[PDB]
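Okay, so here's the structure we're looking at.
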Amino acid sequence: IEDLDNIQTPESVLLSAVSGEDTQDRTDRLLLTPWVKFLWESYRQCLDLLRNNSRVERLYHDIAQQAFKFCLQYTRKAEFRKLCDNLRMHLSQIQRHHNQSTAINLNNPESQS
RNA sequence: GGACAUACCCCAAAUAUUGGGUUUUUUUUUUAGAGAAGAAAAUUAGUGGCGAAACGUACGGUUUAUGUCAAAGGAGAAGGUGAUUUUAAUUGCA
């Protein structure tokens, strides 16, 4: 219906045509953006609090990969946090080890792979 | 000289507007999305007293009679008498 809509500019957008751009972005924000700010949060969610160090967890690096593959389908600013979360939880990793935390060493899976 | 640590200090970022990092001085506590605000506990009665009988009677136990069922023995195990003769005391039977 946006292909059929009044693209032949009315004055209501001729005022708004000094800051923003296409109406496809001005509508999809309203109905699609509420769900991607939920998806991003849900990926930070399961990575942030549930999987720190956690010896028992390959699924961490699964979610991480599947959320990196999510980035180049949709919005991009949820990736700067992605890289910096992976790093900050690596700085959480390599210091103390007082749990069932990852022995970052010769153990090929938990460290290298 | 003023302010500044969750930095008010740096980095970053456009459909992005909030993610990250860093300085000393003392103790301080063993983590950090929780525990509190339920899930079952105390209960006593206005619980009369005393108390039989006719009747009816179970599985049994011991003892006495009874049939039957194993192995045994035909010197046996030993019961029946006027079938016989003379005899004083003992044991006496063939």
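Cβ placement follows ideal geometry from the backbone for every residue including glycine, while neighbour counts extend to all protein chains displayed. Taken together, the values in this text are just the output of simple stated rules run on the coordinates, not laboratory data.
A few notes on this one:
- The set of residues from region A:74-96 being more than 20 Å from A:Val36 (Cβ to Cβ), part of a loop (DSSP other than H, G, I, E, B) and in contact (Cβ under 8 Å) with a residue 12 or more places away in the chain is empty.
- Restricting attention to region A:83-98, the residues that are within 9 Å of RNA strand B (Cβ to nearest atom) and either surrounded by 14 or more Cβ atoms within 10 Å (Cβ to Cβ) or among the acidic types (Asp, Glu) (or both) add up to 1.
- Qualifying residue in region A:48-60 (condition: more than 9 Å from RNA strand B (Cβ to nearest atom) and among the aliphatic types (A, V, I, L, M)): yes
- Of all residues in region A:74-81, one or more are hydroxyl-bearing (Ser, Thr, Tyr), within 11 Å of RNA strand B (Cβ to nearest atom), closer than 18 Å to A:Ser42 by Cβ and surrounded by 12 or more Cβ atoms within 10 Å (Cβ to Cβ).
- Any pair with Cβ under 9 angstrom, 6 or more apart, that starts in region A:40-60 at a residue that is more than 18 Å from A:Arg96 (Cα to Cα) and touching a residue at least 12 places away in the same chain (Cβ under 8 Å) and ends at one that is aliphatic (A, V, I, L, M) and within 13 Å of RNA strand B (Cβ to nearest atom): A:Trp40/A:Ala78; A:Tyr43/A:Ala78; A:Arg44/A:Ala78; A:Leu47/A:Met89; A:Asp48/A:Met89; A:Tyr60/A:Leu47; A:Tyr60/A:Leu50; A:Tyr60/A:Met89
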